[PDB]
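Chains as they are written, first to last, in the entry's author numbering: chain AA, 846 to 945; chain AG, 1 to 213; chain AC, 56 to 158, 165; chain AD, 221 to 232, 250 to 329. By construction, the Cβ of each residue, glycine as well, lies at the ideal position given by its N, Cα and C atoms.
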Amino acid sequence: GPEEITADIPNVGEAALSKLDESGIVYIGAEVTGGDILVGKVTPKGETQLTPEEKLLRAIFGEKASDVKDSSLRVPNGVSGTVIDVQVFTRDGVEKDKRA
Amino acid sequence: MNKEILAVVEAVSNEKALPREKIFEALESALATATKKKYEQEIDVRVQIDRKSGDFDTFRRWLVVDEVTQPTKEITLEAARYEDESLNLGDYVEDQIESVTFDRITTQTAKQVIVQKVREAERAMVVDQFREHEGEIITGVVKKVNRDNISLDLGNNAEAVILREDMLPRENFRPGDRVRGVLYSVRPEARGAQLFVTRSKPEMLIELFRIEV
Amino acid sequence: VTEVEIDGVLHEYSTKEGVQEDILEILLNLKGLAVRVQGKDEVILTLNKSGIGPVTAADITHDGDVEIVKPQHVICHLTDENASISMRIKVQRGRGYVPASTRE
Amino acid sequence: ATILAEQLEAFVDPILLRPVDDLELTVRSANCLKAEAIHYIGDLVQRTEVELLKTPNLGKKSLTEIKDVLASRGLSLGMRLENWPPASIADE
């Protein structure tokens with residue numbers, strides 16, 4: 846499967862996405878620190894094969910064709926700033942989310 | 001009533017003889033756990049098991065008592081006077097509901113918690129399996145070597161721990177060897193039933209001679 | 056002065072429709088504001104101005120103890136008939152030089 | 221220091254206290270209680286659930302919303318107040 850640009854991801858904290866909107870991308874104007882999350886991004890993990898203990902998880906959660914890790918963009922360690930401008934470019938065919 | 005859980009109930013490769021319904025509750029609270037952190041407490045293992053439904057909506061409880069301990073699960077008869085004294089002393093009358101914890105996201109953490117619940121169920125099953133025998137003259141093969149402990153691997157995915165205090169002083173065992181003895185631990189151990197054998201007791205060689213003659 | 060909240064402005068690097076200075080230049084001109092307070096720790100001043108021309112420092116709705124000492128101080132220039140700024144200013148006591156990076 | 225000092229002596250329940258509209262549920266669940274001129278959930282806790290069920294201002298879905306709110310056991314627990322104030326709710 847592809848990657849998820851939505852905020853819906855695990856291993857987070859109120860400090861993990863308290864500045865993000867409901868669709869992963871940081872606000873325009875949110876004054877961030879060094880090491881926060883700007884874009885939340887989750888990617889796929891292992892495929893292998895359907896295990897005996899995960900046979901019920903093969904198809905029982907809509908988008909259960911992919912796994913979930915963590916590869917969100919972060920401010921590189923050291924720099925502050927204020928997000929002034931956000932661009933979102935979409936390859937044609939892909940579903941535009943609510944912020945695009 | 002999508003009927004996905006109905007056919008998901010009858011998988012049923014490994015949880016046929018195991019409590020099916022309990023595994024749905026397990027997986028349902030596991031879908032509800034994962035990314036919950038607000039609410040009031042946590043979730044609720046207890047949930048109206050409606051076989052037909054399949055996706056039993058996690059319902060809460062009120063537990064009628066005559067006491068003031070477990071605040072979100074406390075009723076009295078004076079509070080039952082508003083229900084016209086219909087409640088009796090000691091009942092677990094449910095008067096509340098709960099929801100789910102989400103999306104894209106929270107569901108591989110729900111996969112992860114689904115796995116956690118499945119693991120707990122498997123531990124319970126292993127405990128029941130070890131209780132079936134309750135200590136016998138079974139053999140095994142060493143696989144790992146811990147500090148003052150020997151790990152053994154039997155059949156049907158079963159592992160036993162050999163204490164060094166219940167072992168011989170000079171006689172030292174290693175991996176690849178096959179030893180046989182009588183276990184004496186299947187009840188309270190640690191997260192299930194750690195098969196603890198004792199190859200040094202007398203009853204140990206009671207059927208050892210019986211195996212020969 | 057410590058904090059400014061212009062109404063239609065998200066971050067300090069933006070631009071407001073109808074004022075010929077940036078929001079950053081408005082912050083510098085408010086940083087140079089010479090103001091006396093009398094019986095408080097901090098205080099919140101309110102500014103409302105609409106119409107073509109300057110927004111001087113005498114257009115602040117003064118409280119019962121705040122006193123501007125130089126009312127001819129320019130902040131910005133409004134430059135249209137219906138284009139108006141409306142800000143809240145936070146003025147407090149202190150000692151020395153307390154920058155933004157130490158202390165929203 | 222004595223010389224320099226002598227040269228200067230000529231100078232020197251939170252759910253009950255919160256409003257019904259502040260609840261996480263929809264505005265209809267708050268308006269069902271608010272139809273009886275109730276603004277705080279403490280007034281909802283002052284009255285019994287049987288007394289609210291004897292009035293048709295609350296609906297069937299409003300009863301389910303009231304049950305969902307009472308599942309946290311912060312409101313509608315069958316309590317009795319003086320009028321508004323508990324001792325911790327004191328006037329200062």
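**Message:** Using a 10 Å radius around the Cβ and a threshold of 16 neighbouring Cβ atoms, would you call residue 89/AG buried or exposed?
**Reply:** exposed
**Message:** Any beta carbon of chain AC sitting closer than 8 Å to that of residue 870/AA?
**Reply:** Output row for residue 870/AA: interface = no.
**Message:** Less than 7 Å between C-beta atoms, sequence neighbours within five positions excluded: which residues of the same chain meet that for residue 63/AC?
**Reply:** So the qualifying residues of the chain are 71.
**Request:** Could you please give me the residues that DSSP links to residue 162/AG through a beta bridge?
**Result:** 150/AG, 197/AG
**Request:** Grab the span of the beta strand (DSSP E) containing residue 111/AC for me, first residue to last.
**Result:** 108-111
**Residues in the region 28-49 of chain AG having any Cβ partner in chain AA nearer than 9 Å** = If the cut-off is 9 Å between Cβ atoms, the region 28-49 of chain AG has 31, 34, 35, 37 near chain AA.
**Prompt:** Which same chain residues, not among the five before or five after residue 866/AA, have their C-beta less than 8 Å away from its C-beta?
**Reply:** 852, 872, 944
**Item:** Contacts that residue 95/AG makes with chain A (C-beta to C-beta distance below 8 Å)
**Value:** The structure shown has no chain A; the protein chains it does contain are AA, AG, AC and AD.
**Prompt:** So, residue 879/AA versus residue 925/AA, is the Cβ gap smaller than 8 Å?
**Reply:** yes
**Prompt:** Per DSSP, what kind of secondary structure is residue 140/AC in: helix, strand or coil?
**Reply:** strand
**Contact residues within the region 855-880 of chain AA, judged by C-beta distance below 9 Å to chain AC** = 872, 873, 874, 875, 876
**Request:** Check the DSSP bridge columns for residue 256/AD and list the partner residues they point to.
**Result:** Beta-bridge pairing links residue 256/AD to 277/AD.
**Request:** List the endpoints of the continuous beta strand (DSSP E) containing residue 101/AC.
**Result:** 97-105
**Request:** Could you say if the region 69-77 of chain AG and the region 103-116 of chain AG meet the contact criterion of at least three C-beta pairs nearer than 8 Å?
**Result:** As far as the Cβ criterion goes, the region 69-77 of chain AG does not touch the region 103-116 of chain AG, which means the pair count is below three.
**Asked** Contact between the region 87-94 of chain AC and the region 111-127 of chain AC: three or more CB pairs below 8 Å?
**Response** yes
**Request:** Please classify residue 59/AG: does DSSP put it in a helix, a strand, or coil?
**Result:** strand
**Request:** For residue 287/AD, go through chain AG and note every residue whose CB falls closer than 9 Å to its CB, in chain order.
**Result:** 81, 82, 83, 84
**Prompt:** Between the region 129-143 of chain AG and chain AD, which residues of the former have a C-beta closer than 7 Å to a C-beta of the latter?
**Reply:** none
**Request:** Could you tell me if residue 286/AD is buried or exposed, where buried requires 16 or more neighbouring beta carbons within 10 angstroms of its beta carbon?
**Result:** buried
**Request:** Given a cut-off of 8 Å, decide if residue 282/AD and residue 314/AD are closer than it, judged by their beta-carbon atoms.
**Result:** yes
**Item:** Under 7 Å by beta carbon: chain AG residues contacting residue 253/AD
**Value:** Those do not exist, as residue 253/AD stays about 14 Å from chain AG at its closest Cβ, beyond 7 Å.
**Asked** Below 8 Å between beta carbons: does that hold for residue 909/AA and residue 888/AA?
**Response** no
**Request:** Please confirm whether residue 94/AG and residue 60/AG have their CB atoms less than 8 Å apart.
**Result:** yes
**Prompt:** According to DSSP, is residue 178/AG helix, strand or coil?
**Reply:** strand
**Item:** Neighbour flag for residue 295/AD against chain AG, beta carbons, 8 Å
**Value:** no
**Message:** Let me see if you follow: with CB-CB separation under 8 Å, is residue 101/AG close to chain AD or not?
**Reply:** no
**Message:** When you measure from the CB of residue 36/AG to every non-hydrogen atom of the ligand GTP, does any distance come out below 7 Å?
**Reply:** Of the ligands one can find in the structure shown there are none, so the ligand GTP has no counterpart to examine.
**Prompt:** So residue 886/AA packs on residue 850/AA, CB below 8 Å; how close in whole Å?
**Reply:** 6 Å
**Message:** Runs of 3 residues minimum, wholly inside the region 877-928 of chain AA: which ones carry the beta strand (DSSP E) assignment?
**Reply:** 882-884
**Prompt:** Looking at the structure shown, is residue 265/AD part of a helix, part of a strand, or coil, going by DSSP?
**Reply:** helix
**Prompt:** Relative to chain AA, which residues along the region 105-124 of chain AG have a C-beta separation below 9 Å, given in chain order?
**Reply:** 105, 106, 107, 108, 109, 110, 111, 112, 114, 115, 118, 119, 122
**Prompt:** Thinking C-beta only, is residue 85/AC closer than 8 Å to residue 56/AC?
**Reply:** Taking 8 Å as the Cβ cut-off, residue 56/AC and residue 85/AC qualify as a contacting pair.
**Prompt:** Quick one: what does DSSP say residue 73/AG is sitting in, helix, strand or coil?
**Reply:** coil
**Message:** Is the beta carbon of residue 152/AG closer than 8 Å to that of residue 137/AG?
**Reply:** no
**Asked** Do the region 6-13 of chain AG and the region 30-48 of chain AG make contact, defined as three or more Cβ pairs closer than 8 Å?
**Response** The region 6-13 of chain AG makes no contact with the region 30-48 of chain AG; the number of CB pairs closer than 8 Å stays below 3.
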